[PDB]
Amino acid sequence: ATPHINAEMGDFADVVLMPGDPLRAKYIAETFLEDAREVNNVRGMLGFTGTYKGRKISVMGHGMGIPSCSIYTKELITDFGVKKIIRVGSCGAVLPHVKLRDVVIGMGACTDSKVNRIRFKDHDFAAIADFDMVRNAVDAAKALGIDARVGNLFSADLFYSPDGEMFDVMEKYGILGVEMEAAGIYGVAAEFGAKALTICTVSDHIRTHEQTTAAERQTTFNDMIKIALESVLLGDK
C-alpha cells in the first residue's frame, strides 16, 4: 500500500489506463474488461484490474491536474511495478482544422506548470511520450479505421485561465489539444524510468461552434479506449 493507493503489489497490471474521472475508470473496466475487480478506492480514486482479450489490464482515475496525476503515476511505477501508463482523456481544441471528436495522440506535451523546470534545472525539458507506445496507438487506430492526429498537447494548470491570450499562442505553435495532465505524466515517466502516452478526444473547441451528438461523442470516446487497449496488444508483440 501507498499513501494514496490501498492495494498490494501485483494488484495492478503492468499497464494502466487512466482517465481523469474515477467514475470513468469504473465505466472503462465494466465496458471493456472481463472479470474486472476494484483494487483501489482511497479518496474515491477507483482503480480496477481485469483482462482485455486475455491480457491483464488495469484502469484507474488520475484526478484533474499535474499535481494529482503525478502522485498516482509515481506510486504506480515505483510501488506497483507498472511499466506503462496510458492516459485516456478529453481535451479542448484551438486549431480550426481539429474538430470535435478528433482523436489526438500527444507525442509531446507543452505546459505552463513549473514541475519539469524544477526537475530539469530550470531548462526546457521536452515532455514526450514513449515512441513505441505512440507508434502502437497510431497502428491500432489505423486497424480500427479511426483517424488520429499526432502532435503536441498543452497541459494547463488553470482550466480557467486569467490570460486567454495564451490560446492564440497555442494555435500559432500548432498545439492539437489543451488538457491538464500529459506533461506531468511524461515528467514522472522520465523521472522514474517508465513509459507513458496520452491520448485524448476533443470534447470542446476553446474558440468556436461545432455540433455533434452524445451518441457520437460517446462512440468516439470508446474508440479512444479501443485504441489504447489494442495498442497494448501490439506493444506486447
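A residue's number is simply how far along the shown sequence it sits, counting from 1.
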112-120 or 162-170, whichever carries the higher mean Cα B-factor: 162-170
Stretch with the greater mean C-alpha B-factor as recorded in the entry, comparing 190-198 against 35-43: 35-43
Peak C-alpha temperature factor (PDB record), options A141, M133, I71, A93: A93
Criterion, highest CA B-factor; candidates, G184, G177, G54, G63: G54
Third assignment of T213 from its chain's C-alpha B-factors: highest
Cα B factor band for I105 (lowest, middle or highest third within the chain): lowest
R87 - which third its CA temperature factor falls in, relative to the rest of the chain: lowest
Third assignment of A25 from its chain's C-alpha B-factors: middle
Chain-relative CA temperature factor third for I227: middle
